[PDB]
Amino acid sequence: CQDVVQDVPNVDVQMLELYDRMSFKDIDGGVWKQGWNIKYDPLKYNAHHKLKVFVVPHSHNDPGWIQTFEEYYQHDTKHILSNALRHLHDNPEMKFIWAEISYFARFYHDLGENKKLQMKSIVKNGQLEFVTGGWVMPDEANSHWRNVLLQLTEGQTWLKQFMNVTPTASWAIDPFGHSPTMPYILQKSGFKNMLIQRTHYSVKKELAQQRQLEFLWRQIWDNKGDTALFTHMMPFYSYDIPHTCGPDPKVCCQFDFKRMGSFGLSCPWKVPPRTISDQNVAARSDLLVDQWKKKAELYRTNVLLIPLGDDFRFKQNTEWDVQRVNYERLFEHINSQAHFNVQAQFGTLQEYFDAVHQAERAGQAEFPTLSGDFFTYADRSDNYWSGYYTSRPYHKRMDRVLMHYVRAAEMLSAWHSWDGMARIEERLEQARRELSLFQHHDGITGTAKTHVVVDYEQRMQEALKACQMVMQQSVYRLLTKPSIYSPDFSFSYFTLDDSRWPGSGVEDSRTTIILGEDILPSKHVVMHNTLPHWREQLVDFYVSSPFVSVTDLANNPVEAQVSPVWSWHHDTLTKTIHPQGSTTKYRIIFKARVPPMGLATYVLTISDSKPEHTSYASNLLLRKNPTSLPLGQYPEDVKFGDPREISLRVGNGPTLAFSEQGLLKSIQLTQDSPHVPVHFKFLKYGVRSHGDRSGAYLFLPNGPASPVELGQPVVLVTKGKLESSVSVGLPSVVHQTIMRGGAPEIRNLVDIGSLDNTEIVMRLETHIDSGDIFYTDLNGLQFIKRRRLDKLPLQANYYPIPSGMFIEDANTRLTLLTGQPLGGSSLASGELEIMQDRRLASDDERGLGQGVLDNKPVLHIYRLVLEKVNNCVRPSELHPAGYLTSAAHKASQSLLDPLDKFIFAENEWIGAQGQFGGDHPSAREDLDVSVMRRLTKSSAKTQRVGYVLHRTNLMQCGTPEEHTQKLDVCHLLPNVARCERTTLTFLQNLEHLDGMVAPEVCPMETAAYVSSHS
Ligand SMILES: *[C@@H]1[C@@H](N)[C@H](CO)[C@@H](O)[C@H](O)[C@@H]1O
Ligand SMILES: [Zn+2]
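What counts, and where the lines are drawn
- Residues numbered from 1 in each chain as written, not as in the entry; some residues may be left out.
- Chains lettered and ligands numbered in written order.
- Heavy atoms only, no water.
- Helix = DSSP H or I, 4+ residues; strand = E, 2+ residues; numbered from the N terminus.
- Rg over C-alpha atoms; globule rule 2.2 N^0.38 Å.
- Buried < 20%, exposed > 50% of the residue type's maximum accessible area, 1.4 Å probe, protein only.
- Contact = heavy atoms within 4.5 Å.
- Areas by Shrake-Rupley, 256 points an atom, 1.4 Å probe, with all protein chains shown as cover.
- Pairing = 2+ DSSP bridges.
- UniProt positions renumbered as here; feature names shortened; annotations may be inferred.
- Polar contact = N/O pair within 3.5 Å; in protein donor to acceptor, adjacent residues only side chain to side chain.
- Axes fitted to C-alpha atoms, helices over the stretch in contact; angles between N-to-C directions.
- Donors = N, O, S within 2.8 Å, 3.2 Å for Na, K, Ca; no water.
- Tetrahedral: all angles 85-135°; square planar, octahedral: opposite > 155°, others 65-115°.
- Parallel < 35°, antiparallel > 145°, perpendicular 65-115°, else oblique.
- Nonpolar A, V, L, I, M, F, W, Y, C, P; charged D, E, K, R; others polar.
- Domains from an automatic or database assignment.
- Buried area = accessible area lost by both parts, 1.4 Å probe.
- Salt bridge = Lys/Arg side-chain N within 4 Å of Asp/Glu carboxyl O.

- Structure determination for this PDB entry was carried out by X-ray crystallography, with a resolution of 1.5300 Å recorded in the header.

Listed below in C-alpha cells is the structure:
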C-alpha cells in the first residue's frame, strides 16, 4: 500500500497552493469578459497540421427544478428523446449525447417494440452516445460519495441491461463547483475521461493562461498517480451556444440557429443569427473559424470540442432541422476551403477524447497533473455559490437518513433469496431510484421550486417506508426459528423506532411500547448493526411506565436508565420557550451489544416499582419564578433553580461546563487535565438592502454575523448514570448537548419561523492556534486542507460540510461531525462555524425565480470531538489532506449509520432468537462494508452478491489497534463458487480472485467484489 501520510504528491497544479498565489482580480477582459483578447498565429495551421473540430449536440435536462420530474418528462424530455430518435435515424451523420438515465429509462419503457429496436440501433452505431450514464448529473458539494456511487450504478446497470453500453466519458456541465470524489469513483468504475464546467471564473483564466484546462486529476494524497483521470475543464462562463463556439458571445450567439425565425428566442448582444446561404457562407465561416481558432489557443492539441446545446434543447423537429442544416452548410464550405486548414463535423464526447489521446500518443501534448477541488464556485464578481451548501436543510438531513435506510434494507435482505411474492426487489429498486433522483444538482442542493421540493420529499418518504418494510421482513426471517417461520409478506412483524428522524420535536410519531402487569408485561426489541464490527451503543425506546427492566433474550439483566419525555413550547404571554414533561410516556435507555452486520434481541418487562437494574435521571429546570412541573408516574421530582453555570460528567468520559444560557464553555478530557475553553454561540447573517441579494444559490451577507439576543432562556439539565443532557430554548433553536461517556452529541431543533432575510449560524470559539488553516470533507470520503483568504469575501471562505470539519494546532484538535450537509467555515483562528438554516425573501437571478420562504423545522445532529494530537503522526505542513482520528471516525459513523431499532408488533414472538451474526468477522476499525447488495433474483441458478469495501485512513496516535479479524466478504455467504474484483458499479469483472478470497484494500481505497454461489 502507498503511504498517504508521509509522502506529499508532486503535481503541476495543486489547487490550495494556486489559491494562495492568485490575485482573483475581476478585470474586464473585453468580449471574453473574464479572460483576455485571444491571439493565434495563423501559420500554426497548414495542410499537414489541421484543426479537427467536433461539434457535439446536447440538451441539458433537469430531473426536477422549475417543474417536477414527471412534468418535465411529459412537457419537454419525452419530445426531445422522440425527436432525437427520429432525426438521428433519418440523418446518420447527426450525433447527440445524453446524460440523465432517469429520463432515458422512463422514455424507453414507454416505446413500442419497433421504436425500441430503432433506439438500440442508433446507440449501437454510436450516433446517440451516453455520457456518464448516471441516474442524474449529481450535485458534487452536498452529496455523500455512497449516493454518488448509488446513482451512477442505477443508471449504468440500466444501460448495460437494455442498451448493452457502459460509458467511459463523464459530462458534468451544471453542478455548482466540482469535487475530486467524482474522478475517484469514475476511475474505479472503468472511466477514462471526464468533463467539468462550473469553476471559478478566475481559475478558468489562470488555467487557460497556462493551457492547463486539460489535466490528469489525481487525489490529493496519491503520490503514485494511479487515481488520475483525464479531465477537460470548459473555458467560458456557460455551456450555452453563445459561450461554447469561442470567446466572443456576440459572434457565437449568431450560430445558435434557434434564435431566429418563429421560436420566440433572440440574442442579448442584438445581432441575430442568419440562415447560411451561398451568398453569406464565406463571411459567416470567416467569423466562426476565427472563434474556433481562438478557443483552440487555450488547449494543447489540434482537436477542438465545440458543444452545441442548452437547457431542454432539441425539443422540436424544426429545431433539429435548423441547427443541423445550417451547420452542415458551414461544414461543407469550411472543409472544402484549404485556406482554413480545418476539418469540422458533428461528433460525440468519446470521439473528442479518443482523438485528443491519439494526438497525445503522437507527441503533440504532455498534459499537466492536478490535485484539489473546485469549491467555492463564483460565476461573476463576488457572487459565490455557498448558499446551496445550506438551502432546504430539512431535505439535506433526509438525504442522510434515506442513505442509511437504503444501506440497511439492501444488507438485511441480502442474506437470503426472496420469493417474488415478497416484492423485496420492487421496494429496493423504488428506494434506490428515489434516493438517486435526489442527488440531482437541484435536489439535495435545495435549489428547486417549492412544489418540486414537495415531490422530492414525498418520493423520499415513500422510499423510507419501502426500506422499513424490507428491513422488518428481513429481521423476522433472520431471528425466527425455521420450524416456526411461515411469513405473510404483507404483514408488519416489527415497527422501526427512529429517535433522530424526523425527531420527536419535529413529528411526534414514535410508538410508545404499552406494557401492563396483567395484559402485556413484556416486549421484544431488536437492534441491527450495519457496520462490520461489534458495536455497543445506547439505544432508547418510549414506554408507557417508568418501572421497566431490560434483559437479553437469555434473561441476563441489562443496566438501564429511565428519563422523562420533554417537549418545548412557545408561551405567547412571556415569549419564553419552555419545556413540558409527559405524564404518560418515558424513555428507557440501555446499551445494546450488536454483532458485526448483525442483530441482537432484548426484552423490556414492566414491574410495580423501581426495578433492581434501572436508574432514574434527575431533572433540574433553571428559570426564575418557577411554576410546578409534574411527570405522572416518574419517581423523581423535578428540581428548580435560577440560571447558573453547570458541569456534567458521564462515566469516566469528559467533563463539560455550560454557561447560565445552557451553552458549552469548556471540556476537560480527564480528571487531571486542563479545562479547555470551547464556547458554543449562535449568530445571524443578514442580506444586502442595496446590491446583490442572497437566494437559494448565493450567500451575500451584509458583513460579519451579529450576536443574537437570547434573553434569559430556560435551561433543562437531565442527569443520569448512562445519559445526561443540557437543553436550552433559544429563539429559533432548541439546543441540546447530550453526554453518554465520550464525545458529546449536539442536537439543534431549528425553526427559523418567519425571520425573513436571516441565516442562523452556530459558531465554536476556542484558543486552538489554527491561524488561517481548517479542514472540511468532500462527500464524506476525504478531508481537504482549507486556507481562509482575507483577499476573498466572507462567502468565498464558506465550504461544504458534507460530514465534518476540524481545526488544530501542534497540541489540540477540535472536530465537528455532522449528520447532514451544511455550509461552514473557520473565519478566525480557533473558530469553527456551520449554518443551520436560511430564509431569503429575494430571488438571486440564477433561474429559480423564487427566494427561500418554505422553511420547516429540522433536527440537525452533530458530534464534537476535542482531542490531544501531539502524539499523532501527522502529514507534513505541505500535504493538502487531513485525516480523522479513530474517535472522530467512530463519531461520524454514529451519526451516519447508527443502530437500527425494531419493536415486535404482536403480543407473542414464537421462535424468537437472541442474535444473528455472532460469527461474522469484526473487521479493523478503518474498514467498512459500504454496500452489500444481492445482484440476482431467486430464479437465478448462480446467486451473486456484491460488496463495496472502503478503507479510510486514520491518524496513528500511538494507541495500538487491538485484536481484529480478517474480513473476506466472499465467504460471508455459504457455497461460494467464485469471487471477482469488479468495478464499483459491479458491471465489469476485473480479477478472478485466488482462493475465492476478497483481499482487504489499502488506506483511502474502495474496491468492489462479487461472490457467486451454487
Ligand atoms: C443549470 C443552471 N443554470 C441552474 C442554476 O443557474 C440550475 O439550478 C439548473 O440545474 C439548470 O439546469
Ligand atoms: Zn441543471
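Next comes the rest of the description.
Quick look at the overall build of the protein
Then, in step 1: Of the regular secondary structure elements, the protein holds 15 helices and 49 strands.
Then, in step 2: Against the 2.2 N^0.38 benchmark of 31 Å for 1014 residues, the protein shows a C-alpha radius of gyration of 30 Å, consistent with a compact globule.
Then, in step 3: Across the 1014 residues of the protein, 64% fall into the buried class.
Then, in step 4: Pairs at least 24 apart in sequence give 75% of the contacts found in the protein among residues at least 6 apart.
Then, in step 5: A total of about 37100 Å² of accessible surface is found on the protein, and carbon and sulfur atoms cover 48% of it.

Comments concerning the side chain of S894
Then, in step 1: Its place among the elements puts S894 in helix α15 (residues 886-896).
Then, in step 2: Owing to a relative accessible area of 16%, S894 belongs among the buried residues under this scheme.

Comments concerning helix α3 (residues 101-110)
Then, in step 1: For α3, the tally of buried residues reaches 7 of 10 residues, placing the bulk of the element in the interior.
Then, in step 2: Listed as buried for α3 are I101, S102, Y103, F104, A105, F107 and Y108.
Then, in step 3: Looking at the buried positions of α3, the neighbouring elements they touch are α2 (69-90), β3 (96-98), α4 (113-124), β4 (128-130) and α5 (145-163).

Here we look at the pairing of strand β32 (residues 745-750)
Then, in step 1: The buried fraction of β32 amounts to 6 of the 6 residues, a majority that puts the element mostly inside the structure.
Then, in step 2: The two faces of β32 match: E745, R747 and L749 on one face and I746, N748 and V750 on the other face are all buried.
Then, in step 3: Two elements, strand β31 (residues 733-739) and β32, share 6 bridges in a ladder whose sense is antiparallel. What sits directly across from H735, in β32, is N748.
Then, in step 4: Remark: 5 residues form the turn of the hairpin made by β31 and β32, two consecutive strands paired antiparallel; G741 in that turn has positive phi of roughly 115°.

Section: the UniProt feature "binding site: Zn(2+)" in the protein
Then, in step 1: Residues annotated in UniProt with the feature "binding site: Zn(2+)" correspond here to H60, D62, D174 and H441. The greatest C-alpha distance among the annotated residues, which extend across 382 residues, is 12.0 Å, indicating that they converge on a single site.
Then, in step 2: Relative to the elements of secondary structure, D174 occurs in the loop between β5 (169-172) and α6 (181-187).
Then, in step 3: A relative accessible area of 9% places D174 in the buried class.
Then, in step 4: A polar contact is formed between the side chain of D174 and the side chain of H60, at a distance of 3.4 Å.
Then, in step 5: Checked against the element boundaries, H441 lands in the loop between α13 (424-438) and α14 (450-478).
Then, in step 6: Residue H441 is classed as buried on the basis of its relative accessible area of 0%.
Then, in step 7: Not counting chain neighbours up to four residues away, the residues in contact with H441 comprise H60, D62, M137, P138, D139, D174, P175, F176 and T447.
Then, in step 8: There is a polar contact of 3.4 Å between the side chain of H441 and the side chain of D174.

Re the sheet that holds strand β10 (residues 342-346)
Then, in step 1: With parallel pairing, the 3 strands of this open sheet are ordered in space as β9-β2-β10. Sheet topology places β9 (303-311) and β10 at the edges, where each strand pairs with a single neighbour. Averaged over all neighbouring strand pairs, the angle between strand axes comes to 20°, with direction disregarded.
Then, in step 2: Note that strand β2 (residues 51-60) and β10 share 5 bridges and pair parallel. Bridge pairing in β10 places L51 opposite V342.
Then, in step 3: With respect to the sheet, helix α11 (residues 349-361) is in contact with β2, β9 and β10, its orientation differing from that of β9 by roughly 160°.

Looking at the environment of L935
Then, in step 1: Assignment of secondary structure puts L935 in the loop between β45 (927-934) and β46 (943-951).
Then, in step 2: We classify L935 as partly exposed; its relative accessible area is 31%.
Then, in step 3: In this structure the C-alpha to C-alpha distance between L935 and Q197, which are 738 residues apart in sequence, comes to 35 Å.

Brief notes about α15
Then, in step 1: Extensive coverage of α15 is indicated by the burial of 8 of its 11 residues.
Then, in step 2: Within α15, burial applies to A888, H889, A891, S892, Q893, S894, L895 and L896.
Then, in step 3: In this structure, the buried side of α15 is in contact with α12 (393-414), β15 (535-543), β38 (812-818) and β41 (858-868).

What to know about the coordination of the zinc ion (ligand 2)
Then, in step 1: Taken together, the protein ligands of the zinc ion (ligand 2) are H60 (NE2), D62 (OD), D174 (OD) and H441 (NE2), with distances of 2.0 to 2.6 Å.
Then, in step 2: Bound by 6 donor atoms, the zinc ion (ligand 2) shows angles of 70 to 161° at the metal and therefore octahedral coordination geometry.
Then, in step 3: For the zinc ion (ligand 2), the donor residues sit on a single chain with the sequence spacing H-x1-D-x111-D-x266-H. Of this pair, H60 sits in strand β2 while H441 sits in the loop between α13 and α14, placing them 381 residues apart in sequence. Per residue, the accessibility class of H60 equals that of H441, and both read buried.

A short note on the packing of α3 against α4
Then, in step 1: Put simply, α3 and α4 touch, their axes get as near as 8 Å, and they point 140° apart. Judged by the inter-axis angle, α3 sits oblique to α4. Facing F104, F107, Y108 and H109 of α3, the residues of α4 in contact are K116, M119 and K120.
Then, in step 2: Residue composition of the contact of α3 with α4, grouped by class: 4 nonpolar, 1 polar and 2 charged.

Regarding the domain arrangement of the protein
Accessible area lost during the coming together of the parts is what is often quoted as the interface size.
Then, in step 1: What the domain assignment reports for the protein is domain 1 (1-381), domain 2 (382-492), domain 3 (493-617 + 898-919), domain 4 (618-897) and domain 5 (920-1014).
Then, in step 2: The straight-line distance from the C-alpha centre of domain 2 to that of domain 3 is 23 Å.
Then, in step 3: Contact with domain 2, which involves 29 residues of that partner, is made by 30 residues of domain 3.
Then, in step 4: Carbon and sulfur atoms supply 70% of the area that domain 2 and domain 3 bury against each other, a total of about 2600 Å² over both sides.
Then, in step 5: Considering only the surface of domain 2 that becomes buried against domain 3, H404, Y476 and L479 emerge as the three largest contributors, covering 24% of it.
Then, in step 6: Joining domain 2 to domain 3, the criterion identifies 0 salt bridges.
Then, in step 7: At the surface where domain 2 touches domain 3, the tally comes to 10 residue pairs in polar contact.
Then, in step 8: Put simply, the parts of the chain that give the side of domain 2 that touches domain 3 at least two residues each are α12 and α14.

With respect to the UniProt feature "active site" in the protein
Then, in step 1: Per the UniProt entry, the sites bearing "active site" are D174 in this numbering.
Then, in step 2: Setting aside residues up to four positions removed in sequence, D174 forms contacts with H60, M137, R198, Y239 and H441.

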